[PDB]
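Here is the structure we will look at, set down as structure tokens.
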Amino acid sequence: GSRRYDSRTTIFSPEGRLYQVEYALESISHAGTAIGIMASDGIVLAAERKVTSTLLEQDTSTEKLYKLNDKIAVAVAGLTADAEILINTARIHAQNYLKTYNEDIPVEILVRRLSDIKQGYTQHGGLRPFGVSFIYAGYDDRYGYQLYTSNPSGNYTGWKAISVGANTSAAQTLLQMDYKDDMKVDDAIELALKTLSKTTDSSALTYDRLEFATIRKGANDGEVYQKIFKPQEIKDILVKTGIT
Amino acid sequence: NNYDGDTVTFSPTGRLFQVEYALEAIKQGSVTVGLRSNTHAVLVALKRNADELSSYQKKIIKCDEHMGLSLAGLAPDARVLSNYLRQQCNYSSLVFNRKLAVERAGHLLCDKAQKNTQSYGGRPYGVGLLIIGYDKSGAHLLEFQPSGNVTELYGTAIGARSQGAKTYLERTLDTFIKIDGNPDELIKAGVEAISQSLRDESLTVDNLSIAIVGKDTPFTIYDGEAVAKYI
Amino acid sequence: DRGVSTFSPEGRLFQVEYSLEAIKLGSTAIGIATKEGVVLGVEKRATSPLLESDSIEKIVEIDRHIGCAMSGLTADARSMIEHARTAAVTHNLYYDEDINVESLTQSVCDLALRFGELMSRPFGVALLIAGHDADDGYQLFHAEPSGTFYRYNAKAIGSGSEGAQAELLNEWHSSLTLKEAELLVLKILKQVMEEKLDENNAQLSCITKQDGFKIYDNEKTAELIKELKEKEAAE
Amino acid sequence: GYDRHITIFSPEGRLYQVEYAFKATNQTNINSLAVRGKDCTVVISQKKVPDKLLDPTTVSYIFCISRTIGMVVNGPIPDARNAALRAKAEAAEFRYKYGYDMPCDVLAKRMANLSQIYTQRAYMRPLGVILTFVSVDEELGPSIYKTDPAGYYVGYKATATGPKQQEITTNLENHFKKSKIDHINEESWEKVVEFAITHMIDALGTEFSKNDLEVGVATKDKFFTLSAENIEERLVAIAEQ
Amino acid sequence: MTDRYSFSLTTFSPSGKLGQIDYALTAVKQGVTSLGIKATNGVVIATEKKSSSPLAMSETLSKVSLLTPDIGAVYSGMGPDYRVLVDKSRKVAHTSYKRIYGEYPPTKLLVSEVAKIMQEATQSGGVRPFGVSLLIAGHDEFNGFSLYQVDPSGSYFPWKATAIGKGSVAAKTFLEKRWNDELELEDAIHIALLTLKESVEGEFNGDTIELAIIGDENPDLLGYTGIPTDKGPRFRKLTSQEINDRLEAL
Amino acid sequence: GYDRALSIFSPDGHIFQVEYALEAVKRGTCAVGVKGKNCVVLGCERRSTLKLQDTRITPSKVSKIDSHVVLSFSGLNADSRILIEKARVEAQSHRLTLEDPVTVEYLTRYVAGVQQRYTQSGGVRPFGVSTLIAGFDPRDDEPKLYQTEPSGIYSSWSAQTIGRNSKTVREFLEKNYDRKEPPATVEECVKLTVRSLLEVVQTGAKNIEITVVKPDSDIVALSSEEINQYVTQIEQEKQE
Amino acid sequence: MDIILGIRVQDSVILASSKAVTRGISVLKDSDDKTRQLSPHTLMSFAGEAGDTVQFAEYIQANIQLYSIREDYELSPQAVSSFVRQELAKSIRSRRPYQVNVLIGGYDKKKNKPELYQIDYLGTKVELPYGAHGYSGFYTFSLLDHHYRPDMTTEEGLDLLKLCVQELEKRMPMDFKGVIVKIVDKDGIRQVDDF
Amino acid sequence: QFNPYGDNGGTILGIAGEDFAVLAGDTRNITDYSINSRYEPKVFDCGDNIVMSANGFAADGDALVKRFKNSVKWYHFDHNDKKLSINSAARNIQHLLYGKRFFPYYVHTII
Amino acid sequence: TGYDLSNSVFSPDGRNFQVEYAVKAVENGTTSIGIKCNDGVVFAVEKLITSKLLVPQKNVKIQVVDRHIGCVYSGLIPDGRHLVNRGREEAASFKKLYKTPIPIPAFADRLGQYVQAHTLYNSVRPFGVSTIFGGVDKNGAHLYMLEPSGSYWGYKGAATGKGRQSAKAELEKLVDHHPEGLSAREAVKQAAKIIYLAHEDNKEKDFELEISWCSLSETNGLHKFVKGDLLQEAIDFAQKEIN
């Protein structure tokens, strides 16, 4: 029979861990670090690209920061291809809630369904999990600004500031240190970059190895704007904060 | 050895161990005997209890007015197979208004059991059956074996120690084959044959089971006080 | 691994045999059949003092003329009870009559071998099905996850069973009365249970042709425990 | 060692099951050869009938796939027939759906894509065969396209297959190095067949009686195989060098 | 009883590797070198036609494929996998784009589609990953010219220029020196022919080289006239001759 | 679809995947529940390996199934979401067909059965979750507390705990809970609950959560502030 | 079954719904509440084919209650109406469609403003100051066109409704056995216990 | 248009005594104005001491009797050769008939 | 290794060992033969007698397909039957579509492809039988033999089972010493002899002979069993030659 070649991806270790989730988590620890910091008046996303070559088309590019809807975006740590499967799923779910209720989807609800998908791959079906961890950065008119993370196990949790990918042990302690609740967006922007600067596994932290995004209250009042930084703009903010 | 993992696997000698282990369940089963003349066919089965407080596991199943079988091995498998057989008899009746040939019951059983020896995920039936019937060409006895091999005979036995009763009949052949028009004599010979497969216990009233079918006899089962007559 | 439906070289199904091991680990269950009724009793076995003992339901009604006691992986029996109840009620709908205890049992027993690559593994629980019908009177049946069922005059299953059964061998006779059997079940349970038999860690029940299947109150069993203790002081 | 039983990658990026299917290819111990005329395409394969009990006429590895397409198989017969039946079905269905005869190269591609799948999908094994398709295509002229267990295919000026293939390949390689043309420059298929049998003799260094060979010829609008006699006639003309 | 392999054949090892993707990349590493270069007014993709026999006709085996009139692909690794990918990629360009919007898909989007198929063989039941890395070169009205790389993982990245297969490490270094952001197309063709010569063992001419561009529109290549807005395909294979012309001024 | 029997019997008569599911519960942050005389209190540890959590929006540990029944759990979090959702759906379905909210026993029995189903179905592993389900039956003031575990067995408890170091606090509660005398006030019951958690919990801090359910759908969660006052209170009665 | 009305005043929605249930030749019941509460501040009234009306209302009710529990949050009346519209628009090309018309009146607590939605069995939704289903419109939409002003008190709305019921009692051929009136405002739903 | 039903006439009659019962029916089978057979019996012994007639459209009548007779056979097999009580037969027939509730047996049945 | 534990895996030689193991089961079976004559075919098989309890004549082993085809096999009997049931479905559905009864080469490849199909997947086991079959069609007579691998060819004569070699040699003789042709009734006699000659190897128990034949002149193109007189006449012809 076929059983002979079956890994059994959905089983417990004798200590009660899910082998495959664990090893996928291990996979993600080698991915470019991504950081989310939330302020009283906005959210920041920052992520380090996997050691870019000088020929890679830097500007027309995305591998870390993706747009879910006008109010929600994610930062990716793990397999890019896996993430995009989950992203288009999430983008549809967003659109269905809109069509059904004529209201934009609350941030947590979108996060829950995506996390619930991931969970399914760990309990039934005998397929490998998605080697992906997400930072979700979004706004809704119930909880204001929100940060979440989800991992291959399908667990999610909310954060004031958080990191995923490489060196999150180091990066989390640096954030725990200089974060304060009253903090404003332009400070969080600066904290985020300072943190990657200390935890980056290469020497220079230049603009070409960064993706960056902000979700500000900034607009014509009440409405929320979502900004995915151009490379020139990452260079400008990197000089402005005096990291270059 | 490595080749007994399932039915889909041939050993390097060309044997199917899963089928052979199924054949083994039969031999642990309690003994039962079949035999027929030209006018009747008789099943005699030695029933087994669990302990001193338990019932005696029934071993003979009726399939139609003209057909029936005894079992030795996994009883649920006998129930499945007897059930399948009842349906075929009933379909021959209903569609064709024709009592089903004992020989065809044979081929239908063989073929059903073979399915489970060539596909993955299945398992051989773990039971042996003896089929008696009176049909359009007389008395009949069949020996079903879960490898698929069905065999027409004058008499035989299967289960534990069956080898005694089988050599007995092999001698007694020309005697019983001519017990035509006497039911009680034909039964007698079956009760004697089953005795060659005994040790430590012999036949009491609620451990012996006899069945008969023939020319003017519907397949009927005898147990308890009704078999005292033959002890 | 190897197949879920495979035979040992001995000629038995691995997965059935291992299920039989899990039943041996089960709490004790005893039934005795008499011309006045059938009695079912069980060791409750609360795993901690805090658990509310009468939330343990190891004796369970199937119809007014059929009761059930279980031993082993008891969560596995939930769906067997469901099937039994439905089969009983269904047959009454098709035939305007009570279903025979043997027929009920055979139905439950069909379920049990329906596993493999239908469910993924055999049941980890044995059942004592006990009832009454007009043709064969009072009956007690032992239903295994092998598909086989036997009829017993008396039978014990669970961890206490090896001993308990031998004890039932001496004590059962064809002229037992109901009260005698109740006591006899209480006696043998007390004898095999770890903890000390009282009206909270054991439960009794019976089925009579007249009043059907009743589980006894804690107060009622308490007095049969008293009556038993007193009887055994004598001689 | 399980990355050797099913079609998944080995650590060095190889599919051992595909490789072992290539080895089954030669298990019949037969060599085949194909060449292009101006008007025709000839395929010859060795006929080996060891048993006196066999009916020699039933022993064949050349198949008529369609009216215009011939196929010779290098490998065990059950897999060969399997491939033949399928390509016959595919050729007929193509005609029904698209209103013209299935071309050699298209059929070759289609059969190659099927083989490709067996190398990717786990439950299907590769077939232990190599398929040499031949026709005179209405658009392309004479055509030889070949398919393996890997799912690879390509067109040929000419080709050979089997245990002794390499000697035949180089024999032909050398003729075309010299001749300097894509084909056997001959009027009749009769003489292109003669060419094929000749250079097969030279490369394998063996002699053939009329029952050691099997020949299929593809021409404008029909593909056909030769009988004992049409060959014997052809062997006999070769005797006049 | 048909496909009983309904479980993943690619799984995470304790170290966090997905072995089969790694091995598929190993298989790509073995493949003959291919490359692509973005010019300002064009894109070029190129690779070596390396024949199994000289009896093979290798204009028949075509490693550079048209996917849409403005998109072309080349690869390194296992050719059969590439072949079925080009097939699926051409169909998907219609089924999920042209049949909906009436125009061909933009390069990044079609690339996204391919990546999706390739990703799925990494996860779906009873299959191995694809054994190729693709380079897709394309133009679309709102994005201009672009060049992407698609890996067995289904991950993809855009490049100014790159190479894959056998001699990529060397060739990525060669390109890094010669690439600037002002290259006219003819220059990138020239550079591509030089970069490819390093990695080539045997003969080096128009018959041993397959080379295509995504350049200007070709009305001569359209097949019909009379719709002024339809202007013809930007994808073009160079002839045996056209390559050899540029090996003169090499 | 994926067929494989993942939960099967072992020669000693054990189903290892079920037992390894209990291991995942073992590891889960501690959870407790205590029956008062007119209430049920559910207490829950929250492991302190990380602050910087936004606790407005992180999933809270006690879940409302209906407006009169709640459920806490120990084990895999993602797994518990599935059991909860399913239970919430069944709870509304029961109101639709029976015109009455579920009984705590019924709902427990339902959830228990879902867990059981996953121990003898192909292609699935068991739920790495055990639950406390507590509440009040409709128009009934007598309180209910039940427990389920991955095997599918379920039963009622005067008080009970699950998860990491639950063995420690089951000891404490066995010692500190008179069945003849349940905690009469709400205050009383809540105090007994915090006391038992402090055997295992570290700081009172953001480490403890309490939720209180009184009859007639009267469910309130306690705020850090008020829980602080129980911690402080028992502390100063440590002066013996 | 027969007549259902609604009018949004300054800061409440008022639903009036006929009390009669008739099978052919007999008035089987004269105290029927053609209403389901969907959430603390949302009310749906319904009329149409028998069986279908309640089955639909009860189904929608169950769905909304499940949402409330899952998110621990009451949906806006706009959202609940948009859900209900889609459920109907979905059913209109069904094998057997739902034959039910509804009014959804709710108080949006987040914007402190009452809202009234009129949706027919086809999934045709509109926000109105006042609405009705079936034949009721023909008689009352002329009274309301005249006497309605956007800033009426709740008793001004009820007095205006009184006219509407009176005109229907004058000119409707069917005896609809009066109305049950219910008010939806910032403090929830309550029923005016006689008219 | 194909009419799946017909009507083969005849008439049946059952009377119960103190310790007996009768079921009678004429033996004439007709379509429209022709006689098909002058002796085609429509009252049948179904074993267990039960007699049955399904009068109306013979093909539907025969189908039913045939099915109920089979019901008797399987009742024996499934419940250890028990006798089928006249009331249990009646109930079993209700289910037989109501099973074709939306494509009926055009028969008026008596046992 | 491991190459032999799963059906349809290529060993590195290029073999599928599980087919080869099935061959061993065939080799372990009783002997059967086919002789192709002037206008027909003859089939015979050795039926070992495990006991005087087997009813003689009443355990028939040669099977008919359609009206005009006979099949016999050595090895696992159940498998042989399962393959014949398929041949019967194949031949019925051919006749249903094309009206003409199925030609013998056409029929051979239907069994051919179906047996080969069981070498393509690990989830079925290969057939534990070699099958000799054939009959008369619109183009004369045809004899075929078909192995567990799915390989089959046409034959002048053919044999399989324990007695495969002696039978084989005895058939080779016949081809040489009757090059112009062997008649229908002659081949019935000859078959009887060769079964006896190849009862050398299953010498242990004694046996029952069983023959069938399909001759255009003698059975009118239909498959019939050789019974009563012409049977005993050929039993006698073969008693005479083991002397």
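Each chain in the structure tokens gets a letter, A, B, ..., in the order shown, and its residues are numbered from 1; ligands are numbered from 1 in order too.
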Per residue of chain G within 8 Å of chain A, record the nearest atom pair and its distance in Å to one decimal, counting only C-alpha atoms, with rows in chain order and ascending residue number, as a tab-separated table.
```
residue	atom	partner	partner_atom	distance
G:78	CA	A:101	CA	7.5
G:79	CA	A:101	CA	4.3
G:80	CA	A:101	CA	6.7
G:81	CA	A:101	CA	7.8
G:82	CA	A:101	CA	5.0
G:83	CA	A:100	CA	5.3
G:86	CA	A:100	CA	6.5
```
Residues near residue 243 of chain I, cut-off 12 Å, only C-alpha atoms, skip fewer than 5 positions along chain, as a PyMOL selection string
chain I and resi 193+196-197+236-238
With distances taken over only C-alpha atoms, the candidate from E:152, E:206, E:16, E:126 nearest chain F is E:126
Run DSSP on the backbone and tell me which residues of segment 63-163 of chain B come out as alpha helix (DSSP H); list them as a compact mmCIF listing (two decimals) with N, CA, C and O atoms, in the first residue's frame.
```
# COMPACT_ATOMS: atom_id res chain seq x y z
N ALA B 75 -17.13 -15.71 13.26
CA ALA B 75 -18.58 -15.77 13.06
C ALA B 75 -19.17 -14.55 12.34
O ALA B 75 -20.05 -14.73 11.48
N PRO B 76 -18.73 -13.32 12.67
CA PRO B 76 -19.19 -12.16 11.90
C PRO B 76 -18.95 -12.27 10.39
O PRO B 76 -19.81 -11.86 9.60
N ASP B 77 -17.81 -12.81 9.98
CA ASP B 77 -17.52 -13.05 8.57
C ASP B 77 -18.50 -14.05 7.97
O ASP B 77 -18.95 -13.89 6.83
N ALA B 78 -18.83 -15.09 8.73
CA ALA B 78 -19.83 -16.07 8.32
C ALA B 78 -21.20 -15.40 8.17
O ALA B 78 -21.98 -15.76 7.29
N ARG B 79 -21.48 -14.44 9.04
CA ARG B 79 -22.74 -13.70 9.00
C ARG B 79 -22.82 -12.82 7.76
O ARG B 79 -23.85 -12.80 7.08
N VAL B 80 -21.74 -12.10 7.47
CA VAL B 80 -21.62 -11.33 6.23
C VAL B 80 -21.82 -12.21 5.00
O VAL B 80 -22.60 -11.88 4.12
N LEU B 81 -21.10 -13.33 4.96
CA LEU B 81 -21.10 -14.20 3.78
C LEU B 81 -22.42 -14.95 3.61
O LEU B 81 -22.91 -15.10 2.49
N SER B 82 -22.98 -15.41 4.73
CA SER B 82 -24.29 -16.04 4.71
C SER B 82 -25.33 -15.03 4.24
O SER B 82 -26.24 -15.37 3.48
N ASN B 83 -25.19 -13.79 4.70
CA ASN B 83 -26.10 -12.73 4.30
C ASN B 83 -26.01 -12.45 2.80
O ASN B 83 -27.04 -12.35 2.13
N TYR B 84 -24.79 -12.30 2.29
CA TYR B 84 -24.58 -12.14 0.86
C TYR B 84 -25.25 -13.27 0.08
O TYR B 84 -25.91 -13.04 -0.93
N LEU B 85 -25.08 -14.49 0.58
CA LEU B 85 -25.64 -15.68 -0.06
C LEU B 85 -27.17 -15.67 -0.07
O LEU B 85 -27.79 -16.01 -1.07
N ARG B 86 -27.76 -15.30 1.07
CA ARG B 86 -29.22 -15.19 1.17
C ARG B 86 -29.79 -14.29 0.09
O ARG B 86 -30.82 -14.60 -0.51
N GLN B 87 -29.12 -13.16 -0.13
CA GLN B 87 -29.51 -12.19 -1.15
C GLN B 87 -29.47 -12.76 -2.56
O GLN B 87 -30.39 -12.53 -3.35
N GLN B 88 -28.40 -13.49 -2.88
CA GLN B 88 -28.29 -14.13 -4.20
C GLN B 88 -29.39 -15.16 -4.44
O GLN B 88 -29.94 -15.24 -5.54
N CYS B 89 -29.70 -15.96 -3.42
CA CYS B 89 -30.81 -16.91 -3.47
C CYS B 89 -32.13 -16.19 -3.69
O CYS B 89 -32.98 -16.63 -4.45
N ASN B 90 -32.28 -15.07 -2.98
CA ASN B 90 -33.48 -14.25 -3.05
C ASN B 90 -33.65 -13.52 -4.38
O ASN B 90 -34.77 -13.29 -4.83
N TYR B 91 -32.53 -13.15 -4.99
CA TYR B 91 -32.53 -12.49 -6.30
C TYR B 91 -32.86 -13.48 -7.41
O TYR B 91 -33.58 -13.14 -8.35
N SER B 92 -32.33 -14.70 -7.31
CA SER B 92 -32.66 -15.77 -8.25
C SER B 92 -34.16 -16.08 -8.20
O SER B 92 -34.80 -16.26 -9.24
N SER B 93 -34.69 -16.15 -6.98
CA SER B 93 -36.13 -16.29 -6.75
C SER B 93 -36.93 -15.17 -7.39
O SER B 93 -37.82 -15.41 -8.19
N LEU B 94 -36.59 -13.94 -7.04
CA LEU B 94 -37.42 -12.80 -7.40
C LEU B 94 -37.41 -12.45 -8.88
O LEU B 94 -38.47 -12.31 -9.49
N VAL B 95 -36.22 -12.34 -9.45
CA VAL B 95 -36.07 -11.93 -10.84
C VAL B 95 -36.40 -13.07 -11.80
O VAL B 95 -37.14 -12.88 -12.76
N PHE B 96 -35.85 -14.25 -11.52
CA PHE B 96 -35.95 -15.40 -12.43
C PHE B 96 -36.94 -16.47 -11.98
O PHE B 96 -37.22 -17.40 -12.73
N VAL B 102 -26.79 -24.71 -6.20
CA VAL B 102 -25.74 -24.81 -5.17
C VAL B 102 -24.37 -24.53 -5.78
O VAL B 102 -23.52 -23.92 -5.13
N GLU B 103 -24.17 -24.99 -7.01
CA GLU B 103 -22.90 -24.76 -7.70
C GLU B 103 -22.63 -23.27 -7.93
O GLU B 103 -21.48 -22.83 -7.83
N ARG B 104 -23.68 -22.51 -8.24
CA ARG B 104 -23.53 -21.07 -8.48
C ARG B 104 -23.25 -20.32 -7.18
O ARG B 104 -22.40 -19.42 -7.15
N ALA B 105 -23.96 -20.68 -6.12
CA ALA B 105 -23.66 -20.19 -4.78
C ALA B 105 -22.17 -20.35 -4.49
O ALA B 105 -21.54 -19.49 -3.88
N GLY B 106 -21.62 -21.48 -4.94
CA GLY B 106 -20.19 -21.75 -4.87
C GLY B 106 -19.36 -20.68 -5.55
O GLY B 106 -18.53 -20.03 -4.91
N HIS B 107 -19.61 -20.48 -6.84
CA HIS B 107 -18.83 -19.52 -7.63
C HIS B 107 -19.00 -18.08 -7.14
O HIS B 107 -18.06 -17.29 -7.17
N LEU B 108 -20.21 -17.75 -6.68
CA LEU B 108 -20.49 -16.42 -6.16
C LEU B 108 -19.73 -16.15 -4.87
O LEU B 108 -19.25 -15.04 -4.64
N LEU B 109 -19.61 -17.18 -4.04
CA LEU B 109 -18.85 -17.08 -2.80
C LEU B 109 -17.36 -16.97 -3.08
O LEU B 109 -16.69 -16.09 -2.53
N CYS B 110 -16.84 -17.86 -3.92
CA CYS B 110 -15.45 -17.80 -4.35
C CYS B 110 -15.07 -16.39 -4.78
O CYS B 110 -14.09 -15.83 -4.30
N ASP B 111 -15.87 -15.83 -5.68
CA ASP B 111 -15.58 -14.53 -6.29
C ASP B 111 -15.64 -13.37 -5.29
O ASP B 111 -14.86 -12.42 -5.40
N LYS B 112 -16.56 -13.45 -4.33
CA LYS B 112 -16.67 -12.40 -3.32
C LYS B 112 -15.43 -12.38 -2.43
O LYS B 112 -14.91 -11.31 -2.10
N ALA B 113 -14.96 -13.57 -2.05
CA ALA B 113 -13.79 -13.70 -1.19
C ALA B 113 -12.49 -13.28 -1.89
O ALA B 113 -11.55 -12.85 -1.23
N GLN B 114 -12.45 -13.41 -3.22
CA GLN B 114 -11.25 -13.11 -4.01
C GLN B 114 -10.97 -11.61 -4.08
O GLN B 114 -9.81 -11.19 -4.12
N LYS B 115 -12.04 -10.82 -4.12
CA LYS B 115 -11.95 -9.35 -4.10
C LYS B 115 -11.06 -8.84 -2.97
O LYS B 115 -10.27 -7.91 -3.15
N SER B 162 -10.52 -31.50 12.70
CA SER B 162 -11.35 -31.96 11.58
C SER B 162 -10.71 -33.11 10.81
O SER B 162 -11.40 -33.90 10.17
N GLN B 163 -9.38 -33.20 10.89
CA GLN B 163 -8.61 -34.22 10.20
C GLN B 163 -9.02 -35.66 10.55
O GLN B 163 -8.84 -36.57 9.74
```
From a DSSP calculation on the backbone, collect every residue of chain H in strand (DSSP E or B) and output the set as a PyMOL selection string.
chain H and resi 12-16+21-25+29-31+34-37+44-45+51-56+107-110
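For chain C, the residues within 8 Å of chain B are residues 2, 3, 5, 6, 7, 8, 9, 10, 11, 12, 110, 113, 116, 117, 147, 148, 150, 151, 152, 153, 154, 155 and 169 of chain C, with only C-alpha atoms used to measure distance.
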So that I can check the surroundings of residue 52 of chain F, please list as a PDB file with N, CA and C atoms, in the first residue's frame every protein, DNA and RNA residue that reaches within 8 Å of it, counting only C-alpha atoms and ignoring chain neighbours fewer than 5 positions away.
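Ended up saving to around-v2.pdb:
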```
ATOM      1  N   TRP A 159      -0.747  42.458  19.913  1.00  0.00           N
ATOM      2  CA  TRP A 159       0.483  43.089  20.393  1.00  0.00           C
ATOM      3  C   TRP A 159       0.463  44.608  20.300  1.00  0.00           C
ATOM      4  N   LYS A 160       1.167  45.248  21.230  1.00  0.00           N
ATOM      5  CA  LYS A 160       1.455  46.677  21.147  1.00  0.00           C
ATOM      6  C   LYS A 160       2.638  46.874  20.206  1.00  0.00           C
ATOM      7  N   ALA A 161       3.650  46.029  20.380  1.00  0.00           N
ATOM      8  CA  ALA A 161       4.744  45.898  19.422  1.00  0.00           C
ATOM      9  C   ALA A 161       5.192  44.436  19.382  1.00  0.00           C
ATOM     10  N   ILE A 162       5.615  43.959  18.212  1.00  0.00           N
ATOM     11  CA  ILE A 162       6.039  42.563  18.068  1.00  0.00           C
ATOM     12  C   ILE A 162       6.943  42.346  16.853  1.00  0.00           C
ATOM     13  N   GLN A 176      10.593  45.717  24.087  1.00  0.00           N
ATOM     14  CA  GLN A 176      10.170  45.752  25.492  1.00  0.00           C
ATOM     15  C   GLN A 176      10.815  46.906  26.257  1.00  0.00           C
TER      16      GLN A 176
END
```
If you count only C-alpha atoms, which residues fall within 8 Å of segment 27-34 of chain I, apart from same-chain ones fewer than 2 positions away, as a ChimeraX atom specification?
/I:23-25,36,41-48,72-76,132-133,143,157-164,167,191,195,198-199,202
For chain F, which residues have at least one atom within 12 Å of chain B, if we go by only C-alpha atoms? Write them as a PyMOL selection string, please.
chain F and resi 3-5
Go ahead and write the residues just picked, N, CA and C atoms, as a short mmCIF file (atom, residue, chain, number, x, y, z; two decimals), in the first residue's frame.
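Okay, this is what ended up in selection.cif:
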```cif
data_model
loop_
_atom_site.label_atom_id
_atom_site.label_comp_id
_atom_site.auth_asym_id
_atom_site.auth_seq_id
_atom_site.Cartn_x
_atom_site.Cartn_y
_atom_site.Cartn_z
N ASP F 3 -7.20 9.23 4.28
CA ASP F 3 -7.90 8.16 4.98
C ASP F 3 -7.29 7.80 6.33
N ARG F 4 -5.96 7.80 6.39
CA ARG F 4 -5.17 7.13 7.44
C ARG F 4 -5.70 7.17 8.87
N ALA F 5 -5.73 6.00 9.50
CA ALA F 5 -6.09 5.85 10.91
C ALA F 5 -4.94 6.33 11.79
#
```
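Between atom CA of residue 47 of chain A and atom CA of residue 121 of chain A lies a distance of 26.5 Å.
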Neighbour list for residue 171 of chain D as a PDB file with N, CA, C and O atoms, in the first residue's frame, cut-off 8 Å, only C-alpha atoms, skip fewer than 6 positions in-chain:
```pdb
ATOM      1  N   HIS D 199      22.954  -0.573 -43.223  1.00  0.00           N
ATOM      2  CA  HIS D 199      23.687   0.099 -42.147  1.00  0.00           C
ATOM      3  C   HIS D 199      23.423  -0.503 -40.759  1.00  0.00           C
ATOM      4  O   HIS D 199      24.198  -0.283 -39.826  1.00  0.00           O
ATOM      5  N   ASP D 202      25.921  -3.519 -40.914  1.00  0.00           N
ATOM      6  CA  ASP D 202      27.279  -2.988 -40.725  1.00  0.00           C
ATOM      7  C   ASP D 202      27.565  -2.605 -39.274  1.00  0.00           C
ATOM      8  O   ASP D 202      28.618  -2.942 -38.736  1.00  0.00           O
ATOM      9  N   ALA D 203      26.624  -1.903 -38.647  1.00  0.00           N
ATOM     10  CA  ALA D 203      26.787  -1.448 -37.263  1.00  0.00           C
ATOM     11  C   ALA D 203      26.787  -2.596 -36.250  1.00  0.00           C
ATOM     12  O   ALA D 203      27.618  -2.617 -35.344  1.00  0.00           O
TER      13      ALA D 203
END
```
